[PDB]
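First the structure, in the form of structure tokens, and then the observations on it.
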Amino acid sequence: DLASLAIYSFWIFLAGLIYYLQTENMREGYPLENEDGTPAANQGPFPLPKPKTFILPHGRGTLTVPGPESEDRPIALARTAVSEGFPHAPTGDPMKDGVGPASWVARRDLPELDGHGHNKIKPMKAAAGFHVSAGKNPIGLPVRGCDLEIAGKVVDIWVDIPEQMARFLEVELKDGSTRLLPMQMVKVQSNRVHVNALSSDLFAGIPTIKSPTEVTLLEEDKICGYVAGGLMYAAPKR
Amino acid sequence: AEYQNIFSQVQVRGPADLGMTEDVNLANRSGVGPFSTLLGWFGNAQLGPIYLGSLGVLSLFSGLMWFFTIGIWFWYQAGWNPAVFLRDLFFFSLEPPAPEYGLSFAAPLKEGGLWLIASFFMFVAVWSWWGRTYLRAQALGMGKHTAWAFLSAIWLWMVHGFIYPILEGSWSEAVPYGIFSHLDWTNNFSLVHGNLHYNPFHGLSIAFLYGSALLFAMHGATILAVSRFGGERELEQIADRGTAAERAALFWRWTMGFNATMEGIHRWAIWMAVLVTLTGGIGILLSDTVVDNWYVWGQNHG
Amino acid sequence: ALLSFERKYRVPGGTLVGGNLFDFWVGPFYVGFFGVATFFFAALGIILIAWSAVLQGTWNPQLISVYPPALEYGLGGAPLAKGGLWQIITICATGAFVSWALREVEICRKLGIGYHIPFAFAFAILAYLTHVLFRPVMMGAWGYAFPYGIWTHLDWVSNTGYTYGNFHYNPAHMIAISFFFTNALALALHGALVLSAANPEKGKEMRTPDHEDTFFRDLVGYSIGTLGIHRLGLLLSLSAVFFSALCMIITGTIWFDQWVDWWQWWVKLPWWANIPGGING
Ligand code: BCL
Ligand code: BCL
Ligand code: BCL
Ligand code: BCL
Ligand SMILES: CC[C@H]1c2cc3[nH]c4c(c3C)C(=O)[C@H](C(=O)OC)c4c3nc(cc4[nH]c(cc(n2)[C@@H]1C)c(C(C)=O)c4C)[C@@H](C)[C@@H]3CCC(=O)OC/C=C(\C)CCC[C@H](C)CCC[C@H](C)CCCC(C)C
Ligand SMILES: CC[C@H]1c2cc3[nH]c4c(c3C)C(=O)[C@H](C(=O)OC)c4c3nc(cc4[nH]c(cc(n2)[C@@H]1C)c(C(C)=O)c4C)[C@@H](C)[C@@H]3CCC(=O)OC/C=C(\C)CCC[C@H](C)CCC[C@H](C)CCCC(C)C
Ligand SMILES: [Fe+3]
Ligand SMILES: [Mn+2]
């Protein structure tokens, strides 16, 4: 009958959607690599879709995926075992090295733009008409690490001009230089900012920015990432 | 304990971003509204502006008439008595016209003819409205995705109160504007065609509705644990993957045997849901006209 | 066996228990102690699901099913066949959602991200528990829970609801329904947007998180903005489910009568309670 028909035919329609879906989700990461980075034997049942092209904005070019996969950097990791699927020891210092939780990616050394073409992320003191409009303002407030020691203080907040939102806290260290911290990784309080992730002494390690009035995508990752990694490598002091 | 970026900890404001512009006609743009310090703990604090084209008016205009026509009659039943109105607010109901009238436009005001009026407006206000979301998307040279997804509903809506009703010969088969009444209308329709737990396009719709609450529950929990990596910016991760999407990835693939992408996950979703009202529009569309009892057909499959 | 960028991550650690012992992979599947556990429980489960299909005398799945201990047993032990299994099969089902939650945790620790996920998940756990552990113990009888079966649990729902007539009236169950509706309207959009920003009309440059915003605003005069939406979602759902679990823990324990009745309290309000006309006068 018309109802049996329709219920099968949908199944078919449903299978095919699954396909389309599954594939579409491989334009990155694929193809799989063996534990030495050489292509993999079994690529599964699903094929690499035919490449599609993103016309980036503000003449910054084009993106085409699937694309030629490149880590574009050194991985201080080595096997801890003979057969596959094991951990991969960090030859040295995972923080500095950029591995594991701290890992950071090679994203363009350019900053995110808004839709007008001017820097998306700016630092307050240069953000025209941008003020704290509610909540406990952290400016001037002292930064305390996970070991409970002071490490610098807050001198400015960087904000997502368009989404009028707060993503960072320029921190002035003991040696007059500043480090950016990830809002989402701080815990502003009444009398202090508290960073669980890092201890006083690593605050320095936080990578730096070349420009003091902008931050490149690539730059954000390195920071946050480093920051993150703190959660597990900074634990013997927290 | 840590920051769950569920609510921000500090708010910040700057002037009003009157929004991009492209082909959009800024003349029909409205003036900006005020900033709430409320929504601000959750999302933006900026209210407005709003684009009210000719369509924006139409749709909204019929929108009220519709909503109003229902008011008048609720006022009629309450005998123009306020307290009543407030008491029986839920039991009131503008029912469709009677089975005898079938699909005719003669029905006397008090019996269907006022229900027709009201529908007439609702159509117009729903279609004109859809339409707007087209143009707006066009004025933004953007993907008619939205305009399409919405259609998916209009679907179920269209069957629920026009298609299905035209296929069973009478206006008395449609739903009535009422708070408890329609509730029941559903229940009855369940019993009037075997049990709906059986109608499979319904077993299915369940799946997706449910499914959308499974998926969305994920995507959000996720995006949120990887914001500390500027992940909320799904757009710019797409174009230049970050550790955000990488990490978003490997968690799921080290969890459930696979993974999506930043563009991709957005297509799952979109469907996962567009399908609730799709499978549906079918399910209902079939019961009665093509299948008078669903239990039965659960035995024969025809 | 790995994604193009998978290696720089697979470091050691993240274990809540057992140290490195079970710290390793298998296929793109993480493992850990809890990986194992959910294996132990899962299997043990799938097995007692096979014994009741023989004790039931059939291998058709739609037919297979295992039932709770009948009212007569109460809140104690029951012969395998009549509830007994249903009881251990629940135990397993439980230990495996839980395990499955913890493993997720270890993952959030090796990958060093948020606990938003397993946290979230803990809710559907709850929802489950209510069903097979909470409501029953208060109503004093395992039997009240549902039957693990492909259609039998459906009938478990069909009758349980109607025990209180139309269930639409249980108000907590109206709430729950709203969210399960908006939520979905949400995802509906997020997905239409993101994708209508990301795959512009042919011939143009990707759009911007700025364009997204302008849309809505010009559409419904407001934007919740990209972080919020993704927050909204988490809530729309967890709630939608918070409430369900609620309207069930109340049905049979504190309200057991006709649901549709409940609603008299409102119409039976002193002031208007008497007045003639309308639908209740
Ligand atoms: C919520 C209130 C009721 C209930 C009401 C309904 C109603 C009403 C309907 C269903 C339907 C379904 N329910 Mg139910 N269901 C309940 C509790 C459960 C539990 C549980 C562990 O408590 C489970 C596993 C299920 C499972 C299911 C699916 C088999 C089916 C829905 C597909 C779907 O959308 O999935 C959402 C999730 C996914 C798609 C993810 C993929 C996972 C799949 C679905 C897992 C299947 C597991 C299989 C049943 C168990 C295998 C275990 C063996 C040991 C290997 N329900 C409670 C008691 N359920 C629908 C149906 O009958 O469809 C034909 C339907 O209409
Ligand atoms: C007791 C009755 C029956 C039953 C009878 C039915 C019936 C009958 C129907 C459903 C339908 C549905 N049922 Mg059921 N259902 C039962 C039990 C269940 C159970 C369960 C766990 O027991 C579940 C999960 C479901 C789930 C579902 C959904 C999958 C599906 C509705 C999707 C939706 O969101 O539509 C809602 C979405 C919309 C209405 C979108 C369109 C939006 C419109 C156009 C907007 C209008 C706006 C207005 C003009 C503006 C208002 C605001 C202004 C500011 C004024 N049912 C029981 C057993 N169910 C529906 C379906 O299609 O099934 C196949 C349906 O007809
Ligand atoms: C598909 C299955 C059934 C069905 C099954 C159910 C079930 C089951 C439930 C509801 C519930 C609701 N249904 Mg229904 N519903 C159907 C068809 C409709 C139609 C229509 C024109 O066909 C409309 C307007 C509605 C409207 C509504 C809401 C009043 C209420 C849900 C709130 C919500 O989640 O909002 C989400 C809303 C948005 C995202 C949009 C924003 C709009 C705001 C909230 C204003 C809404 C105003 C309301 C529509 C006014 C009604 C009075 C008018 C005079 C008519 N339903 C079909 C026939 N409906 C729930 C309830 O308990 O309600 C009390 C509920 O449990
Ligand atoms: C006549 C019947 C009544 C009615 C009676 C009931 C009753 C009775 C109940 C509901 C419940 C629900 N009803 Mg109802 N309901 C009716 C009509 C409706 C309508 C409608 C449009 O008419 C709708 C939308 C709904 C909607 C809903 C949902 C909100 C809710 C179930 C979701 C949930 O939280 O599950 C909870 C989710 C879970 C338990 C799943 C958690 C996941 C588990 C742990 C994992 C399983 C894994 C699997 C086994 C393995 C996968 C691995 C494989 C390898 C793939 N009902 C009618 C009027 N409804 C239920 C509720 O509130 O429940 C709390 C409930 O008990
Ligand atoms: C899978 C399908 C999901 C879905 C999708 C969906 N819904 C959608 C869309 C999509 C993709 C839209 O694009 C459209 C939308 O605009 O969304 C924001 C919409 C929409 N989904 C809606 C509802 C809705 N969707 C639902 C569900 C779903 N929608 C599914 C979950 C449900 C439920 C509960 O299941 C509901 C109630 C509408 C709000 C909206 C479409 C609006 C519409 O059709 O409007 C007609 C016009 C009116 C009703 C106008 C009048 C409104 C008021 C009565 C005005 C009176 C007061 C005002 C203050 C007066 C001001 C006067 C001035 C003179 C000052
Ligand atoms: C807001 C609540 C919503 C929600 C959220 C949610 N679900 C989640 C998560 C979250 C946040 C996860 O993190 C987790 C996940 O990792 O998903 C990819 C998950 C998940 N949600 C799942 C299912 C699921 N969620 C559902 C619903 C929902 N999930 C809600 C809509 C439903 C429905 C619609 O009822 C189902 C079926 C799983 C696929 C997955 C978690 C994976 C998991 O738990 O794996 C271990 C599995 C086993 C050990 C299975 C065997 C168990 C026993 C040994 C035997 C079987 C016994 C059982 C009683 C049989 C029932 C038979 C029925 C026919 C009666
Ligand atoms: Fe998203
Ligand atoms: Mn009929």
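Ligands are numbered from 1 in the order shown, chains are lettered A, B, ... in the order of the structure tokens, and residues start at 1 in each chain.
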Close residues, range 152-162 of chain B itself excluded, 9 Å, only C-alpha atoms, min 4 positions apart in chain, as a PyMOL selection string | chain B and resi 119+123+126-127+130+148+166-167+171+173-175+274-282+284-285
So which residues touch residue 72 in chain A within 10 Å, counting only C-alpha atoms, skipping near sequence neighbours fewer than 4 positions away, as a PDB file with N, CA and C atoms, in the first residue's frame?
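Result written to out15.pdb:
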```pdb
ATOM      1  N   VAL A 105      47.362  25.104  17.765  1.00  0.00           N
ATOM      2  CA  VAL A 105      47.449  24.898  16.331  1.00  0.00           C
ATOM      3  C   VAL A 105      48.086  26.010  15.533  1.00  0.00           C
ATOM      4  N   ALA A 106      48.450  25.654  14.306  1.00  0.00           N
ATOM      5  CA  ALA A 106      49.055  26.555  13.342  1.00  0.00           C
ATOM      6  C   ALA A 106      47.945  27.197  12.515  1.00  0.00           C
ATOM      7  N   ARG A 107      47.335  28.214  13.094  1.00  0.00           N
ATOM      8  CA  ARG A 107      46.279  28.923  12.419  1.00  0.00           C
ATOM      9  C   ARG A 107      46.933  30.208  11.982  1.00  0.00           C
TER      10      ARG A 107
END
```
Could you please select, counting only C-alpha atoms, the residues of chain A within 7 Å of chain C and state them as number ranges by chain?
-> A: 29-34, 40, 54-57, 69, 71, 75, 85-89, 99-101, 103, 114-115, 162-163, 228-229, 231
Selection above as a file: N, CA, C and O atoms, as a CSV table (one decimal), in the first residue's frame:
```
chain,number,residue,atom,x,y,z
A,29,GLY,N,40.9,16.5,8.9
A,29,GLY,CA,41.3,15.3,9.7
A,29,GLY,C,41.6,14.1,8.8
A,29,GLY,O,42.5,13.3,9.1
A,30,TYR,N,40.8,13.9,7.7
A,30,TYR,CA,40.9,12.8,6.8
A,30,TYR,C,41.9,13.1,5.7
A,30,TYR,O,42.0,14.3,5.2
A,31,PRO,N,42.7,12.1,5.2
A,31,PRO,CA,42.7,10.7,5.6
A,31,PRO,C,43.4,10.4,6.9
A,31,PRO,O,44.3,11.1,7.4
A,32,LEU,N,43.1,9.2,7.5
A,32,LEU,CA,43.8,8.8,8.7
A,32,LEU,C,45.2,8.5,8.5
A,32,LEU,O,45.6,8.2,7.3
A,33,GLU,N,46.0,8.7,9.5
A,33,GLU,CA,47.5,8.5,9.4
A,33,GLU,C,47.8,7.4,10.4
A,33,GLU,O,47.2,7.3,11.4
A,34,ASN,N,48.8,6.5,10.1
A,34,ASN,CA,49.2,5.4,11.0
A,34,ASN,C,50.0,6.2,12.1
A,34,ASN,O,50.2,7.4,12.0
A,40,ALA,N,46.8,5.5,6.0
A,40,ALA,CA,46.3,4.2,6.7
A,40,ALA,C,45.7,3.3,5.7
A,40,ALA,O,45.1,3.7,4.6
A,54,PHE,N,35.8,27.6,0.0
A,54,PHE,CA,35.3,28.8,0.7
A,54,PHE,C,36.0,30.0,0.2
A,54,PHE,O,37.2,30.1,0.2
A,55,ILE,N,35.2,31.0,-0.1
A,55,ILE,CA,35.8,32.3,-0.6
A,55,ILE,C,35.9,33.2,0.7
A,55,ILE,O,35.0,33.9,1.0
A,56,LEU,N,37.1,33.1,1.3
A,56,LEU,CA,37.2,33.9,2.5
A,56,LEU,C,36.9,35.4,2.3
A,56,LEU,O,36.5,35.8,1.2
A,57,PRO,N,36.9,36.2,3.4
A,57,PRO,CA,36.5,37.6,3.1
A,57,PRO,C,37.6,38.6,3.2
A,57,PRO,O,38.7,38.2,3.7
A,69,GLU,N,46.7,17.9,4.1
A,69,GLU,CA,46.9,18.0,5.6
A,69,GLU,C,48.4,18.1,6.0
A,69,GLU,O,49.2,17.3,5.7
A,71,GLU,N,50.7,19.4,9.6
A,71,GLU,CA,50.7,19.9,11.0
A,71,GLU,C,51.4,21.2,11.0
A,71,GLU,O,51.1,22.1,11.8
A,75,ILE,N,56.7,17.9,16.8
A,75,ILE,CA,56.0,17.2,17.9
A,75,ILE,C,56.9,16.4,18.8
A,75,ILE,O,57.2,15.2,18.5
A,85,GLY,N,48.2,2.3,19.3
A,85,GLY,CA,47.3,2.8,20.2
A,85,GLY,C,47.8,3.1,21.7
A,85,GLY,O,47.0,3.0,22.6
A,86,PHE,N,49.0,3.5,21.8
A,86,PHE,CA,49.5,3.8,23.1
A,86,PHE,C,49.7,5.3,23.3
A,86,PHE,O,49.4,6.1,22.5
A,87,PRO,N,50.1,5.6,24.6
A,87,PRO,CA,50.3,7.0,24.8
A,87,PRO,C,51.6,7.4,24.0
A,87,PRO,O,52.3,6.6,23.4
A,88,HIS,N,51.9,8.7,24.1
A,88,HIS,CA,53.1,9.3,23.4
A,88,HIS,C,53.9,10.3,24.3
A,88,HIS,O,53.6,11.5,24.2
A,89,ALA,N,54.8,9.8,25.1
A,89,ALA,CA,55.6,10.6,26.0
A,89,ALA,C,56.0,11.9,25.4
A,89,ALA,O,56.3,12.0,24.2
A,99,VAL,N,52.2,20.4,23.2
A,99,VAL,CA,51.6,19.1,23.1
A,99,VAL,C,50.6,18.7,24.2
A,99,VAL,O,50.6,19.2,25.3
A,100,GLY,N,49.7,17.8,23.8
A,100,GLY,CA,48.7,17.2,24.7
A,100,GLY,C,47.6,18.3,25.0
A,100,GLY,O,47.1,19.0,24.1
A,101,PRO,N,47.3,18.4,26.3
A,101,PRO,CA,46.3,19.4,26.6
A,101,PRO,C,46.7,20.8,26.2
A,101,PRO,O,45.9,21.6,25.8
A,103,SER,N,48.7,21.5,23.6
A,103,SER,CA,48.7,21.6,22.2
A,103,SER,C,48.1,22.9,21.7
A,103,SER,O,47.2,23.4,22.4
A,114,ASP,N,36.1,41.6,11.9
A,114,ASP,CA,34.7,41.6,12.1
A,114,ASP,C,34.2,41.7,10.7
A,114,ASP,O,34.9,41.2,9.8
A,115,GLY,N,33.0,42.2,10.4
A,115,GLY,CA,32.5,42.3,9.1
A,115,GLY,C,32.8,43.5,8.3
A,115,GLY,O,32.5,43.6,7.1
A,162,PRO,N,32.2,43.7,18.1
A,162,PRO,CA,30.9,43.4,17.6
A,162,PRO,C,29.9,42.7,18.5
A,162,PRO,O,28.7,43.1,18.6
A,163,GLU,N,30.3,41.6,19.1
A,163,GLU,CA,29.5,40.8,20.0
A,163,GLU,C,29.6,41.4,21.4
A,163,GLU,O,29.3,40.7,22.4
A,228,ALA,N,45.4,26.0,29.1
A,228,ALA,CA,44.7,24.7,29.3
A,228,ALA,C,45.7,23.8,29.9
A,228,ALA,O,45.7,23.5,31.0
A,229,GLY,N,46.7,23.3,29.1
A,229,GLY,CA,47.7,22.4,29.5
A,229,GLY,C,48.1,22.5,31.0
A,229,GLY,O,48.4,21.6,31.7
A,231,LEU,N,46.2,22.8,33.5
A,231,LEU,CA,45.3,22.0,34.2
A,231,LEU,C,45.9,20.6,34.6
A,231,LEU,O,45.5,20.1,35.7
```
Spatial neighbours of residue 124 in chain C, 8 Å, only C-alpha atoms, chain gap at least 4 places, as a ChimeraX atom specification | /C:120,128,241
Atoms kept (N, CA, C and O atoms) for selection, written as a short mmCIF file (atom, residue, chain, number, x, y, z; two decimals), in the first residue's frame:
```cif
data_model
loop_
_atom_site.label_atom_id
_atom_site.label_comp_id
_atom_site.auth_asym_id
_atom_site.auth_seq_id
_atom_site.Cartn_x
_atom_site.Cartn_y
_atom_site.Cartn_z
N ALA C 120 26.25 17.30 31.47
CA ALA C 120 24.98 17.29 30.74
C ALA C 120 24.37 15.92 30.74
O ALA C 120 23.23 15.71 31.13
N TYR C 128 16.44 8.57 33.57
CA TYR C 128 16.33 7.12 33.61
C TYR C 128 16.02 6.67 35.01
O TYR C 128 15.01 6.04 35.25
N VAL C 241 14.18 18.10 29.93
CA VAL C 241 14.30 16.82 30.57
C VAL C 241 14.28 16.92 32.07
O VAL C 241 13.88 15.99 32.74
#
```
Could you list, as a VMD selection string, all the residues within 6 Å of ligand 5, counting only C-alpha atoms and all ligand atoms?
-> (chain B and resid 59 to 60 63 to 64 67 125 to 126 129 146 149 to 150 153 273 to 274 276 to 277) or (chain C and resid 178 181 to 182 184 to 185 188 to 189)
Residues within 6 Å of ligand 6, counting only C-alpha atoms and all ligand atoms, as a ChimeraX atom specification = /B:210-211,213-214,217-218 /C:38,41-42,45-46,90,92-93,96-97,100,117-118,120-121,123-124,148-150,153,237-238,241
Writing out the chosen residues with C-alpha atoms as a short mmCIF file (atom, residue, chain, number, x, y, z; two decimals), in the first residue's frame:
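Ended up saving to part-v7.cif:
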```cif
data_model
loop_
_atom_site.label_atom_id
_atom_site.label_comp_id
_atom_site.auth_asym_id
_atom_site.auth_seq_id
_atom_site.Cartn_x
_atom_site.Cartn_y
_atom_site.Cartn_z
CA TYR B 210 13.86 13.26 21.15
CA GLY B 211 16.96 13.20 18.97
CA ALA B 213 17.21 17.09 22.50
CA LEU B 214 20.04 14.61 22.49
CA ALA B 217 22.34 18.89 24.34
CA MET B 218 25.67 17.79 22.97
CA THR C 38 31.11 -0.20 30.72
CA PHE C 41 28.35 -4.22 32.61
CA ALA C 42 27.26 -3.95 28.98
CA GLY C 45 23.70 -7.08 30.44
CA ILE C 46 23.32 -8.14 26.82
CA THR C 90 18.44 -2.72 35.46
CA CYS C 92 23.67 -3.38 34.74
CA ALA C 93 21.95 -0.79 32.58
CA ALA C 96 26.91 1.19 32.37
CA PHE C 97 25.48 4.64 31.90
CA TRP C 100 30.06 5.58 30.41
CA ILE C 117 29.44 17.09 28.41
CA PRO C 118 29.34 14.29 31.00
CA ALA C 120 24.98 17.29 30.74
CA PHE C 121 24.72 13.61 30.24
CA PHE C 123 20.66 14.39 33.35
CA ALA C 124 19.39 11.73 30.99
CA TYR C 148 12.36 -3.39 28.75
CA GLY C 149 10.73 -4.11 25.42
CA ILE C 150 10.49 -2.52 21.98
CA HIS C 153 7.52 -0.16 27.08
CA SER C 237 17.35 20.61 26.71
CA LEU C 238 18.58 19.80 30.13
CA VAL C 241 14.30 16.82 30.57
#
```
For CA of residue 94 in chain C and CA of residue 259 in chain B, determine how far apart the two atoms are, in Å to one decimal place.
-> 25.8 Å
Which residues in range 32-151 of chain A does DSSP call strand (DSSP E or B)? List them as a PyMOL selection string.
-> chain A and resi 33+39+52-54+63-65+77-79+88-90+113+119+121-123+131-134+142-144+150-151
Please produce, as a tab-separated table, a per-residue contact table for chain C versus ligand 7 (criterion: any atom at most 8 Å away, only C-alpha atoms and all ligand atoms considered), showing the nearest atom pair and its distance in Å to one decimal, sorted by chain then residue number.
```
residue	atom	partner	partner_atom_place_in_ligand_line	distance
C:190	CA	ligand 7	1 (Fe)	6.4
C:191	CA	ligand 7	1 (Fe)	7.0
C:194	CA	ligand 7	1 (Fe)	7.2
C:226	CA	ligand 7	1 (Fe)	7.9
C:230	CA	ligand 7	1 (Fe)	6.5
```
